[PDB]
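Enquirer: Supplied in structure tokens, the structure appears directly below.
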Amino acid sequence: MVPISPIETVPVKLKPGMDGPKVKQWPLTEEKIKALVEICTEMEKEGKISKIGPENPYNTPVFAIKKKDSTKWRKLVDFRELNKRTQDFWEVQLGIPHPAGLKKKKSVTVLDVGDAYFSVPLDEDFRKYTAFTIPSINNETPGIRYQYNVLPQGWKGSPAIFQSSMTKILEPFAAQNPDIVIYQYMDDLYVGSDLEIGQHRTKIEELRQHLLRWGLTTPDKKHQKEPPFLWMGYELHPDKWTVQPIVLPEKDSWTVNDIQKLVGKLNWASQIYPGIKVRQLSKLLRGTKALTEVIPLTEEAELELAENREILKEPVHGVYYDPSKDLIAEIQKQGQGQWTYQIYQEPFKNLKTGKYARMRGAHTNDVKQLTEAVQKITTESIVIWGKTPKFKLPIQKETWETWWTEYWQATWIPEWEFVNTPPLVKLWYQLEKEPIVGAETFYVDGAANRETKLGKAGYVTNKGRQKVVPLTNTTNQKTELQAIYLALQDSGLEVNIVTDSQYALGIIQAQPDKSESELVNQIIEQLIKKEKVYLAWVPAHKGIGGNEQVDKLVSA
Amino acid sequence: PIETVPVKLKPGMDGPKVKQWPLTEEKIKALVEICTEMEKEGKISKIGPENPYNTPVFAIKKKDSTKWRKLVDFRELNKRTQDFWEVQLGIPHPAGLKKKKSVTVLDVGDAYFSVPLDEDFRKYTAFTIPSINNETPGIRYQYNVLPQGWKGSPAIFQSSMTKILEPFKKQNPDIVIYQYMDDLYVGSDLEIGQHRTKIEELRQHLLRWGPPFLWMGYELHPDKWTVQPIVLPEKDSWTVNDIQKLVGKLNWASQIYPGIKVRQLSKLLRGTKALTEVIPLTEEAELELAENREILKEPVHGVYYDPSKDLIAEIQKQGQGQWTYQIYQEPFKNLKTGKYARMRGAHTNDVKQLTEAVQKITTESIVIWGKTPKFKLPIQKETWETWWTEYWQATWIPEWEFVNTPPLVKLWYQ
Ligand SMILES: Cc1cc(C#N)cc(C)c1Oc1nc(NC2CCN(Cc3ccc(C(N)=O)cc3)CC2)ncc1-c1ccncc1
Ligand SMILES: [Mg+2]
């Protein structure tokens, strides 16, 4: 016997205050009981479980389940109750790698660590909580009692403890073999290297020799699946990667769940398929939770869906990462608050692609959305490559400099260059910083009655021009905006506007270029038409001439 | 130091479970090198999956330095750590530190690594060195000693720090010494010549009584810290626009100062006049403007620091590298106002400038009141949280919220 090192035990506890499970065993048929006795007998000879006395007060139900072609019985210990009372663990498997961050490996070997899974002992002070009972034939003897010595399948802590134990075992081997890479998920161990295929394998048995120190048998994985490897929904090929083939279903009736599975396909596809759009599709799922509800598609969802099928005609593939090359990201505006990007190192060979949708809000503009897309790509690139890409943006350097030097918020975009790809992001209007000499001055105001929702809006100017318009079903805030709209409509190309509306100032000073409010959108359309606009604010009800005159003209 | 101090969380609270945010390759490499050394020295130890807690970590380069410093964001753990008293009921903040001619700041956090931490509390200091692209499991550690940035570190170490400072405090009774987290604030009134060496006299003390960043000194001059009262223009000719902006400013100031009057100035704005037209002031308006100007010279009344409430700091971007800020606890009762300009190394980076403003305002807040303010930042959350760690140079971190609607108030501190 070659002495083997013990795998270090992880101490486990139940949640504070909680006790172990005490669930009663279900009645079983004589057939199932015989099945469970033979299996548990084998498992005891292997050391996985052990018989216990009657003093253990905990219990978890056990079942026996039949399969399809294999005319066998398999056990099933239902640890749902124990999992609720088990402490939380550090799950080291939240984020999976992204293929676009992986480097090329000439040789890759896949070994199975299933037999090694049972060499991981369970914390001794915790085993008592895993007790289960095999009921006896005809209930005429005491049921046979068992508890686990190893990590049980279906127990909360088994994935975390198994992965951590393997990592600790593998750590010195990887550290002293910088030429290879080792990646484990579930019960597969993937070993890659840029060593030629003969020299590569020698390191593989060197890993077997290292793993046998803890007595872990590791043979090659049964039926070496030849490329591509199907991993986490991807297709990993020697020189390229892609999503597993996506097929958009053909339907005449689209329901809630069909459209929810359709965004997932398109979202998953958008990482490598350029130009995917999902807004007018995602818009049909606003406030419904009946997954059988049928919804008629807009003519814009059909146009968007048909555009997606055209992009999905032929499969697209991405390249792997080369640290010696630069990292570049290019963004395009797609319309309706939708953006798409590509990340590459050499032209026309994308590492990956993606999309960005604008956040929910009443008013917005393109420069803010572009800035948000940049920050999302920056954070994604840090995750995948540990660095920020150089950006190619459809915005002129002069446009950006005007934007950030004048905007009331601090803002920043990392190193970038203009790329002329229409439609370009522009500033559609710019308010003046000082009053315009020789331009007419419009004092605007509006007011509404909250009882009747009747209101008035209008202006008076320094040239004697005046207008008051009566309005129905309106509010104080809408009449204040209507007054500004009227002044813009009736003025020349340059105009000074004086208002007391803090609400209107808050909107206009946010510099929106588009709004969901039709009235705000009309104001924007007027501002685009002007040469110069100076917007001045004054406090209401304060003896400010022109403002006082128009305030009582509109206050009925 | 061999016997630890018992420490607990606050009632009904578990440890922090805060996600680690993405780190660049160069910061990961620096953290790996730092933590490898700290592990050999016994300050931290690897942990297993039975520890579910986490606190974010990153790396910074302090001002005028070339080596990386580990920075743990203990903000959540500090919120959940019990309030400290132990030795005494608390040391009151020295109100004389802010009036000294020179204040030097020293990084003494390395001294904390000499005191062991309660072995029951250690699990709550868990942190993760992430890997690029999640290609390896994150390296998990916990602290065995008092960690830099934890609220409990200066409190537990306070007794030891007093005994080390006592020979120097006895010699110099005019030197104010204040401790905030990992920072030692040493204020004197003598000139800069050998204030540096008297601060160097502090360095050999801790050196012989017990460092990677001890050699540096952050020099301040709080006696020359300028305030920004409310100022009205002085003009010979006032346009309609000028008077309109003045009435708006005075109407805002009337919420702060009693007896502000604008009715005489509003009478000049009688009629529908062009904004650029010059209006001669009447003497009743000239008199009203003079009385308002006098009111605005005296301080605001009923303004006191309440140590039970939070300090709020608001910041406005004024353009051309200029930033204004106000510190208060209740609206319209500012405890401190100020203005910055020419943030070095950031003429074309708004976020870098804002990040330096936040650090300078926090430093001033520590000197004046001994705690940090909660910031209202004129920036979108996603922009700030992407970039602020790239320009951070302090060893503490304040709290912040984000302003999304443009305040009308920026014009009246302009
Ligand atoms: C994340 C991940 C998933 C799987 C799967 N399932 C496998 C591995 C090894 C893996 O981990 C890494 N995988 C890469 N590269 C990938 C593997 C190699 N293929 C190309 C290829 C070549 C030749 C063949 C062939 N001979 O048939 C077949 C395919 C590219 C993707 N590189 C680095 C790591 C890594 C792991 C741990 N620490 C650091 C880095
Ligand atoms: Mg009005």
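In the structure tokens, chains take letters A, B, ... by order of appearance, with residues numbered from 1 within each chain and ligands from 1 in the order shown.
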Could you name the residues that touch range 54-71 of chain A at 6 Å or less, counting only C-alpha atoms, but leaving out those on the same chain fewer than 3 positions away, as a VMD selection string?

Expert: chain A and resid 21 to 23 25 32 74 to 78 129 131 to 132

Enquirer: Which residues, written as a PyMOL selection string, have at least one atom at most 7 Å from range 211-215 of chain B, with only C-alpha atoms counted and residues fewer than 5 positions away on the same chain left out?

Expert: chain B and resi 106-108+110

Enquirer: Could you save those same residues with N, CA and C atoms as a PDB file, in the first residue's frame?

Expert:
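This went into selection.pdb:
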ATOM      1  N   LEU B 106       0.214  61.689   8.443  1.00  0.00           N
ATOM      2  CA  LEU B 106       1.116  60.549   8.358  1.00  0.00           C
ATOM      3  C   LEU B 106       0.310  59.265   8.232  1.00  0.00           C
ATOM      4  N   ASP B 107       0.777  58.359   7.374  1.00  0.00           N
ATOM      5  CA  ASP B 107       0.178  57.030   7.241  1.00  0.00           C
ATOM      6  C   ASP B 107       0.832  56.120   8.270  1.00  0.00           C
ATOM      7  N   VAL B 108       0.135  55.894   9.381  1.00  0.00           N
ATOM      8  CA  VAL B 108       0.616  55.039  10.460  1.00  0.00           C
ATOM      9  C   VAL B 108      -0.125  53.710  10.499  1.00  0.00           C
ATOM     10  N   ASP B 110       0.454  50.914   9.180  1.00  0.00           N
ATOM     11  CA  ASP B 110       1.269  49.708   9.293  1.00  0.00           C
ATOM     12  C   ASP B 110       1.434  49.283  10.746  1.00  0.00           C
TER      13      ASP B 110
END

Enquirer: Counting only C-alpha atoms, figure out which residue out of B:308, B:254, B:320, B:159 gets nearest to chain A.

Expert: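 Looking only at the distances to chain A, the closest residue turns out to be B:320.
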
Enquirer: Applying 9 Å and only C-alpha atoms, which residues near residue 374 in chain B remain after dropping the ones on its own chain fewer than 5 positions away? List them as a list in words.

Expert: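 Contacts, with the query itself left out: residues 310, 311, 312, 313, 314, 398, 399, 400 and 401 of chain B.
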
Enquirer: Could you write out that same residue set with N, CA, C and O atoms as an mmCIF file, in the first residue's frame?

Expert:
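Once written, result36.cif looks like this:
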data_model
loop_
_atom_site.group_PDB
_atom_site.id
_atom_site.type_symbol
_atom_site.label_atom_id
_atom_site.label_comp_id
_atom_site.auth_asym_id
_atom_site.auth_seq_id
_atom_site.Cartn_x
_atom_site.Cartn_y
_atom_site.Cartn_z
ATOM 1 N N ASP B 310 -25.602 63.201 10.298
ATOM 2 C CA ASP B 310 -24.616 63.107 9.231
ATOM 3 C C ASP B 310 -24.237 64.491 8.720
ATOM 4 O O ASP B 310 -25.024 65.440 8.773
ATOM 5 N N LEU B 311 -23.008 64.597 8.230
ATOM 6 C CA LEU B 311 -22.582 65.742 7.441
ATOM 7 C C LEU B 311 -22.879 65.463 5.974
ATOM 8 O O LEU B 311 -22.606 64.365 5.481
ATOM 9 N N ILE B 312 -23.454 66.444 5.285
ATOM 10 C CA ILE B 312 -23.764 66.343 3.863
ATOM 11 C C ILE B 312 -22.870 67.321 3.115
ATOM 12 O O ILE B 312 -22.767 68.490 3.501
ATOM 13 N N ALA B 313 -22.232 66.847 2.044
ATOM 14 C CA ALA B 313 -21.409 67.686 1.179
ATOM 15 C C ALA B 313 -21.984 67.667 -0.230
ATOM 16 O O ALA B 313 -22.122 66.599 -0.833
ATOM 17 N N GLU B 314 -22.327 68.844 -0.746
ATOM 18 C CA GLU B 314 -22.785 69.001 -2.120
ATOM 19 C C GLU B 314 -21.680 69.655 -2.937
ATOM 20 O O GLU B 314 -20.985 70.547 -2.445
ATOM 21 N N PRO B 398 -15.419 57.633 1.741
ATOM 22 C CA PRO B 398 -16.706 58.134 2.238
ATOM 23 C C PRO B 398 -17.879 57.493 1.499
ATOM 24 O O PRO B 398 -17.711 56.668 0.608
ATOM 25 N N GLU B 399 -19.085 57.905 1.883
ATOM 26 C CA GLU B 399 -20.316 57.502 1.216
ATOM 27 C C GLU B 399 -20.737 58.570 0.214
ATOM 28 O O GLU B 399 -20.420 59.750 0.377
ATOM 29 N N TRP B 400 -21.484 58.158 -0.809
ATOM 30 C CA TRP B 400 -21.923 59.109 -1.821
ATOM 31 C C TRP B 400 -23.274 58.704 -2.393
ATOM 32 O O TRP B 400 -23.650 57.530 -2.379
ATOM 33 N N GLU B 401 -24.004 59.710 -2.872
ATOM 34 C CA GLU B 401 -25.205 59.567 -3.677
ATOM 35 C C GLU B 401 -25.044 60.450 -4.908
ATOM 36 O O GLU B 401 -24.138 61.281 -4.980
#

Enquirer: Taking only C-alpha atoms into account, produce a table as a tab-separated table in which each residue of range 89-178 of chain B with an atom at most 12 Å from an atom of range 84-103 of chain A appears once, together with its shortest atom pair and the distance in Å to one decimal, ordered by chain and rising number.

Expert:
residue	atom	partner	partner_atom	distance
B:126	CA	A:90	CA	10.7
B:127	CA	A:90	CA	11.2
B:128	CA	A:92	CA	10.3
B:129	CA	A:92	CA	11.9
B:130	CA	A:92	CA	10.4
B:131	CA	A:97	CA	10.1
B:132	CA	A:101	CA	8.5
B:133	CA	A:97	CA	5.1
B:134	CA	A:97	CA	5.1
B:135	CA	A:97	CA	5.7
B:136	CA	A:97	CA	9.0
B:137	CA	A:92	CA	6.0
B:138	CA	A:92	CA	7.2
B:139	CA	A:92	CA	9.8
B:140	CA	A:90	CA	9.6

Enquirer: Could you please take those selected residues and save C-alpha atoms as a PDB file, in the first residue's frame?

Expert:
ATOM      1  CA  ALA B 126     -12.710  37.924   4.199  1.00  0.00           C
ATOM      2  CA  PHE B 127     -11.721  39.259   0.778  1.00  0.00           C
ATOM      3  CA  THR B 128     -11.079  37.911  -2.721  1.00  0.00           C
ATOM      4  CA  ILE B 129      -8.287  38.588  -5.212  1.00  0.00           C
ATOM      5  CA  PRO B 130     -10.198  37.996  -8.472  1.00  0.00           C
ATOM      6  CA  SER B 131      -8.751  36.507 -11.619  1.00  0.00           C
ATOM      7  CA  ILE B 132      -9.014  37.837 -15.145  1.00  0.00           C
ATOM      8  CA  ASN B 133     -11.953  36.329 -17.035  1.00  0.00           C
ATOM      9  CA  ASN B 134     -12.780  33.996 -14.099  1.00  0.00           C
ATOM     10  CA  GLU B 135     -10.204  31.552 -15.490  1.00  0.00           C
ATOM     11  CA  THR B 136      -9.008  30.580 -11.990  1.00  0.00           C
ATOM     12  CA  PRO B 137     -10.768  30.613  -8.620  1.00  0.00           C
ATOM     13  CA  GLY B 138     -10.351  33.856  -6.732  1.00  0.00           C
ATOM     14  CA  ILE B 139      -7.707  33.787  -4.010  1.00  0.00           C
ATOM     15  CA  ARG B 140      -9.523  33.984  -0.667  1.00  0.00           C
TER      16      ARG B 140
END

Enquirer: One decimal, Å: what's the distance from atom 38 (N, counted along the ligand's line) of ligand 1 over to CA of residue 218 in chain A, could you say?

Expert: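 CA of residue 218 in chain A lies 19.4 Å from atom 38 (N, counted along the ligand's line) of ligand 1.
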
Enquirer: Please return, as JSON, numbers by chain, all residues of chain B lying within 7 Å of chain A when only C-alpha atoms are considered.

Expert: {"B": [22, 23, 24, 25, 49, 50, 51, 52, 132, 133, 134, 135, 137, 244, 248, 263, 266, 267, 269, 270, 271, 272, 273, 274, 275, 276, 317, 319, 349, 350, 351, 378, 379, 382, 383, 386, 405, 406]}

Enquirer: I need the residue nearest residue 301 in chain B from this list: B:407, B:173, B:258, B:229. Use only C-alpha atoms for the distance.

Expert: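 With only C-alpha atoms as the atom set, the closest residue is B:258.
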
Enquirer: Per residue of chain A within 10 Å of ligand 2, what are the shortest atom pair and its distance in Å to one decimal, counting only C-alpha atoms and all ligand atoms, with rows by chain and residue number, as a tab-separated table?

Expert:
residue	atom	partner	partner_atom_place_in_ligand_line	distance
A:444	CA	ligand 2	1 (Mg)	9.0
A:445	CA	ligand 2	1 (Mg)	5.8
A:446	CA	ligand 2	1 (Mg)	6.1
A:447	CA	ligand 2	1 (Mg)	6.2
A:448	CA	ligand 2	1 (Mg)	9.6
A:457	CA	ligand 2	1 (Mg)	9.8
A:476	CA	ligand 2	1 (Mg)	8.9
A:479	CA	ligand 2	1 (Mg)	9.9
A:480	CA	ligand 2	1 (Mg)	8.4
A:499	CA	ligand 2	1 (Mg)	9.0
A:500	CA	ligand 2	1 (Mg)	7.0
A:501	CA	ligand 2	1 (Mg)	8.1
A:539	CA	ligand 2	1 (Mg)	9.4
A:540	CA	ligand 2	1 (Mg)	6.0
A:541	CA	ligand 2	1 (Mg)	6.8
A:547	CA	ligand 2	1 (Mg)	7.7
A:548	CA	ligand 2	1 (Mg)	7.6
A:549	CA	ligand 2	1 (Mg)	9.6
A:550	CA	ligand 2	1 (Mg)	7.8
A:551	CA	ligand 2	1 (Mg)	4.5
A:552	CA	ligand 2	1 (Mg)	7.3
A:553	CA	ligand 2	1 (Mg)	9.4
A:554	CA	ligand 2	1 (Mg)	7.7
A:555	CA	ligand 2	1 (Mg)	7.2

Enquirer: For the selection you just gave me, I'd like the residues written to a file as a PDB file, in the first residue's frame, keeping N, CA and C atoms.

Expert:
ATOM      1  N   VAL A 444     -42.690  84.509 -20.729  1.00  0.00           N
ATOM      2  CA  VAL A 444     -43.702  83.473 -20.885  1.00  0.00           C
ATOM      3  C   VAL A 444     -44.248  83.081 -19.521  1.00  0.00           C
ATOM      4  N   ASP A 445     -45.477  82.560 -19.528  1.00  0.00           N
ATOM      5  CA  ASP A 445     -46.064  81.991 -18.324  1.00  0.00           C
ATOM      6  C   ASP A 445     -47.274  81.147 -18.694  1.00  0.00           C
ATOM      7  N   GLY A 446     -47.662  80.292 -17.756  1.00  0.00           N
ATOM      8  CA  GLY A 446     -48.836  79.457 -17.907  1.00  0.00           C
ATOM      9  C   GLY A 446     -49.355  79.082 -16.542  1.00  0.00           C
ATOM     10  N   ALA A 447     -50.630  78.696 -16.501  1.00  0.00           N
ATOM     11  CA  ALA A 447     -51.259  78.311 -15.246  1.00  0.00           C
ATOM     12  C   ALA A 447     -52.515  77.511 -15.552  1.00  0.00           C
ATOM     13  N   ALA A 448     -52.879  76.634 -14.620  1.00  0.00           N
ATOM     14  CA  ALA A 448     -54.041  75.777 -14.782  1.00  0.00           C
ATOM     15  C   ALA A 448     -54.789  75.686 -13.459  1.00  0.00           C
ATOM     16  N   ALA A 457     -51.819  79.552 -21.455  1.00  0.00           N
ATOM     17  CA  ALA A 457     -50.390  79.742 -21.640  1.00  0.00           C
ATOM     18  C   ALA A 457     -50.179  80.883 -22.621  1.00  0.00           C
ATOM     19  N   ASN A 476     -50.452  72.638 -14.312  1.00  0.00           N
ATOM     20  CA  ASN A 476     -49.545  73.775 -14.197  1.00  0.00           C
ATOM     21  C   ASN A 476     -48.245  73.525 -14.953  1.00  0.00           C
ATOM     22  N   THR A 479     -48.719  73.737 -18.827  1.00  0.00           N
ATOM     23  CA  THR A 479     -48.909  75.083 -19.359  1.00  0.00           C
ATOM     24  C   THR A 479     -47.605  75.871 -19.354  1.00  0.00           C
ATOM     25  N   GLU A 480     -46.734  75.626 -18.371  1.00  0.00           N
ATOM     26  CA  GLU A 480     -45.425  76.275 -18.369  1.00  0.00           C
ATOM     27  C   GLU A 480     -44.602  75.853 -19.581  1.00  0.00           C
ATOM     28  N   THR A 499     -38.636  82.810 -18.168  1.00  0.00           N
ATOM     29  CA  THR A 499     -39.656  81.985 -17.540  1.00  0.00           C
ATOM     30  C   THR A 499     -39.420  81.939 -16.039  1.00  0.00           C
ATOM     31  N   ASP A 500     -40.481  81.626 -15.292  1.00  0.00           N
ATOM     32  CA  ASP A 500     -40.348  81.353 -13.869  1.00  0.00           C
ATOM     33  C   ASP A 500     -40.483  79.868 -13.547  1.00  0.00           C
ATOM     34  N   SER A 501     -40.551  79.012 -14.562  1.00  0.00           N
ATOM     35  CA  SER A 501     -40.814  77.591 -14.361  1.00  0.00           C
ATOM     36  C   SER A 501     -39.514  76.864 -14.036  1.00  0.00           C
ATOM     37  N   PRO A 539     -37.607  84.256 -10.373  1.00  0.00           N
ATOM     38  CA  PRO A 539     -38.554  83.749  -9.371  1.00  0.00           C
ATOM     39  C   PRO A 539     -39.950  84.305  -9.602  1.00  0.00           C
ATOM     40  N   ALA A 540     -40.945  83.433  -9.453  1.00  0.00           N
ATOM     41  CA  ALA A 540     -42.333  83.820  -9.665  1.00  0.00           C
ATOM     42  C   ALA A 540     -42.833  84.708  -8.527  1.00  0.00           C
ATOM     43  N   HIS A 541     -43.905  85.451  -8.819  1.00  0.00           N
ATOM     44  CA  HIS A 541     -44.628  86.250  -7.823  1.00  0.00           C
ATOM     45  C   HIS A 541     -43.718  87.254  -7.120  1.00  0.00           C
ATOM     46  N   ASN A 547     -43.045  89.346 -16.466  1.00  0.00           N
ATOM     47  CA  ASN A 547     -43.470  88.113 -15.813  1.00  0.00           C
ATOM     48  C   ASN A 547     -44.774  88.318 -15.046  1.00  0.00           C
ATOM     49  N   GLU A 548     -44.882  89.415 -14.286  1.00  0.00           N
ATOM     50  CA  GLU A 548     -46.133  89.706 -13.588  1.00  0.00           C
ATOM     51  C   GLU A 548     -47.274  89.925 -14.571  1.00  0.00           C
ATOM     52  N   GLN A 549     -47.016  90.674 -15.646  1.00  0.00           N
ATOM     53  CA  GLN A 549     -48.056  90.966 -16.626  1.00  0.00           C
ATOM     54  C   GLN A 549     -48.607  89.687 -17.242  1.00  0.00           C
ATOM     55  N   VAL A 550     -47.722  88.787 -17.673  1.00  0.00           N
ATOM     56  CA  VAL A 550     -48.172  87.549 -18.297  1.00  0.00           C
ATOM     57  C   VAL A 550     -48.709  86.553 -17.274  1.00  0.00           C
ATOM     58  N   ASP A 551     -48.324  86.667 -16.000  1.00  0.00           N
ATOM     59  CA  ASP A 551     -48.803  85.697 -15.017  1.00  0.00           C
ATOM     60  C   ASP A 551     -50.296  85.853 -14.752  1.00  0.00           C
ATOM     61  N   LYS A 552     -50.787  87.094 -14.674  1.00  0.00           N
ATOM     62  CA  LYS A 552     -52.204  87.299 -14.425  1.00  0.00           C
ATOM     63  C   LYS A 552     -53.021  87.297 -15.711  1.00  0.00           C
ATOM     64  N   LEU A 553     -52.382  87.467 -16.870  1.00  0.00           N
ATOM     65  CA  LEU A 553     -53.064  87.188 -18.134  1.00  0.00           C
ATOM     66  C   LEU A 553     -53.453  85.719 -18.244  1.00  0.00           C
ATOM     67  N   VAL A 554     -52.665  84.826 -17.645  1.00  0.00           N
ATOM     68  CA  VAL A 554     -52.913  83.392 -17.752  1.00  0.00           C
ATOM     69  C   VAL A 554     -53.619  82.809 -16.529  1.00  0.00           C
ATOM     70  N   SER A 555     -53.649  83.527 -15.404  1.00  0.00           N
ATOM     71  CA  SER A 555     -54.222  83.016 -14.164  1.00  0.00           C
ATOM     72  C   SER A 555     -55.729  83.233 -14.068  1.00  0.00           C
TER      73      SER A 555
END

Enquirer: Between A:153, A:257, A:138, A:242, single out the one closest to ligand 1, counting only C-alpha atoms and all ligand atoms.

Expert: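 With only C-alpha atoms and all ligand atoms as the atom set, the closest residue is A:242.
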
Enquirer: Between chain A and ligand 1, at 10 Å or less, what are the per-residue closest atom pairs and their distances in Å? Count only C-alpha atoms and all ligand atoms, order by chain and rising residue number, and return it as a Markdown table.

Expert:
| residue | atom | partner | partner_atom_place_in_ligand_line | distance |
| --- | --- | --- | --- | --- |
| A:96 | CA | ligand 1 | 1 (C) | 7.4 |
| A:97 | CA | ligand 1 | 1 (C) | 5.4 |
| A:98 | CA | ligand 1 | 1 (C) | 7.4 |
| A:99 | CA | ligand 1 | 31 (C) | 6.2 |
| A:100 | CA | ligand 1 | 31 (C) | 8.6 |
| A:101 | CA | ligand 1 | 32 (N) | 8.1 |
| A:102 | CA | ligand 1 | 32 (N) | 4.4 |
| A:103 | CA | ligand 1 | 32 (N) | 4.6 |
| A:104 | CA | ligand 1 | 30 (C) | 5.2 |
| A:105 | CA | ligand 1 | 22 (C) | 4.8 |
| A:106 | CA | ligand 1 | 23 (C) | 5.0 |
| A:107 | CA | ligand 1 | 26 (N) | 4.4 |
| A:108 | CA | ligand 1 | 26 (N) | 4.9 |
| A:109 | CA | ligand 1 | 26 (N) | 7.5 |
| A:110 | CA | ligand 1 | 7 (C) | 8.0 |
| A:174 | CA | ligand 1 | 38 (N) | 8.9 |
| A:178 | CA | ligand 1 | 39 (C) | 9.9 |
| A:180 | CA | ligand 1 | 40 (C) | 8.3 |
| A:181 | CA | ligand 1 | 37 (C) | 4.7 |
| A:182 | CA | ligand 1 | 37 (C) | 4.5 |
| A:183 | CA | ligand 1 | 37 (C) | 4.3 |
| A:184 | CA | ligand 1 | 10 (C) | 7.7 |
| A:185 | CA | ligand 1 | 3 (C) | 8.3 |
| A:188 | CA | ligand 1 | 6 (N) | 8.6 |
| A:189 | CA | ligand 1 | 7 (C) | 8.0 |
| A:190 | CA | ligand 1 | 9 (C) | 4.6 |
| A:191 | CA | ligand 1 | 9 (C) | 5.1 |
| A:192 | CA | ligand 1 | 9 (C) | 4.9 |
| A:193 | CA | ligand 1 | 32 (N) | 8.2 |
| A:194 | CA | ligand 1 | 22 (C) | 9.1 |
| A:197 | CA | ligand 1 | 26 (N) | 8.7 |
| A:224 | CA | ligand 1 | 27 (O) | 9.6 |
| A:225 | CA | ligand 1 | 27 (O) | 8.9 |
| A:226 | CA | ligand 1 | 27 (O) | 6.3 |
| A:227 | CA | ligand 1 | 27 (O) | 5.3 |
| A:228 | CA | ligand 1 | 28 (C) | 6.7 |
| A:229 | CA | ligand 1 | 6 (N) | 5.4 |
| A:230 | CA | ligand 1 | 6 (N) | 6.7 |
| A:231 | CA | ligand 1 | 6 (N) | 5.0 |
| A:232 | CA | ligand 1 | 6 (N) | 8.2 |
| A:234 | CA | ligand 1 | 6 (N) | 8.8 |
| A:235 | CA | ligand 1 | 6 (N) | 8.6 |
| A:236 | CA | ligand 1 | 31 (C) | 5.8 |
| A:237 | CA | ligand 1 | 29 (C) | 4.8 |
| A:238 | CA | ligand 1 | 21 (C) | 3.4 |
| A:239 | CA | ligand 1 | 20 (C) | 5.9 |
| A:240 | CA | ligand 1 | 30 (C) | 7.3 |
| A:241 | CA | ligand 1 | 30 (C) | 7.4 |
| A:319 | CA | ligand 1 | 30 (C) | 9.4 |
| A:320 | CA | ligand 1 | 30 (C) | 7.2 |
| A:321 | CA | ligand 1 | 32 (N) | 9.3 |

Enquirer: Neighbouring residues of residue 82 in chain B were defined as those with any atom within 10 Å, considering only C-alpha atoms; residues of the same chain fewer than 4 positions away were excluded. Please report them as a list in words.

Expert: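 These residues fall inside the cut-off: residues 7, 8, 9, 10, 11, 77, 78, 151 and 152 of chain B.
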
Enquirer: Take the selection from the previous step and output its residues with N, CA, C and O atoms, as a short mmCIF file (atom, residue, chain, number, x, y, z; two decimals), in the first residue's frame.

Expert:
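Saved the output as out-v5.cif:
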data_model
loop_
_atom_site.label_atom_id
_atom_site.label_comp_id
_atom_site.auth_asym_id
_atom_site.auth_seq_id
_atom_site.Cartn_x
_atom_site.Cartn_y
_atom_site.Cartn_z
N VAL B 7 -14.58 41.48 20.08
CA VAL B 7 -15.35 42.37 19.23
C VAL B 7 -16.49 41.59 18.58
O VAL B 7 -16.36 40.40 18.28
N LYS B 8 -17.61 42.28 18.38
CA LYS B 8 -18.82 41.65 17.85
C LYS B 8 -19.48 42.58 16.85
O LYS B 8 -19.17 43.77 16.77
N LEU B 9 -20.40 42.01 16.07
CA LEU B 9 -21.19 42.80 15.14
C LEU B 9 -22.34 43.47 15.88
O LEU B 9 -22.48 43.37 17.10
N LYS B 10 -23.18 44.16 15.14
CA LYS B 10 -24.33 44.77 15.80
C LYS B 10 -25.51 43.80 15.82
O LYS B 10 -25.59 42.90 14.96
N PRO B 11 -26.41 43.94 16.79
CA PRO B 11 -27.46 42.92 16.98
C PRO B 11 -28.30 42.71 15.73
O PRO B 11 -28.78 43.65 15.11
N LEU B 77 -18.55 46.57 6.33
CA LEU B 77 -18.20 45.97 7.61
C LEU B 77 -18.22 47.01 8.73
O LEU B 77 -18.64 46.72 9.85
N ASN B 78 -17.75 48.23 8.43
CA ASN B 78 -17.78 49.30 9.42
C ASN B 78 -19.20 49.62 9.85
O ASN B 78 -19.47 49.83 11.04
N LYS B 151 -12.91 50.15 11.12
CA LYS B 151 -13.24 51.08 12.20
C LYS B 151 -12.62 50.66 13.52
O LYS B 151 -12.17 51.51 14.30
N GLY B 152 -12.57 49.36 13.79
CA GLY B 152 -12.06 48.87 15.06
C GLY B 152 -10.56 48.97 15.22
O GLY B 152 -10.07 48.84 16.35
#

Enquirer: Closest to residue 135 in chain A among A:322, A:304, A:330, A:30, using only C-alpha atoms?

Expert: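 With only C-alpha atoms as the atom set, the closest residue is A:30.
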
Enquirer: As an NGL selection string, please: all residues of range 190-344 of chain A that backbone DSSP puts in strand (DSSP E).

Expert: :A and (190-193 or 229-231 or 234-236 or 241-243 or 328-335 or 338-344)
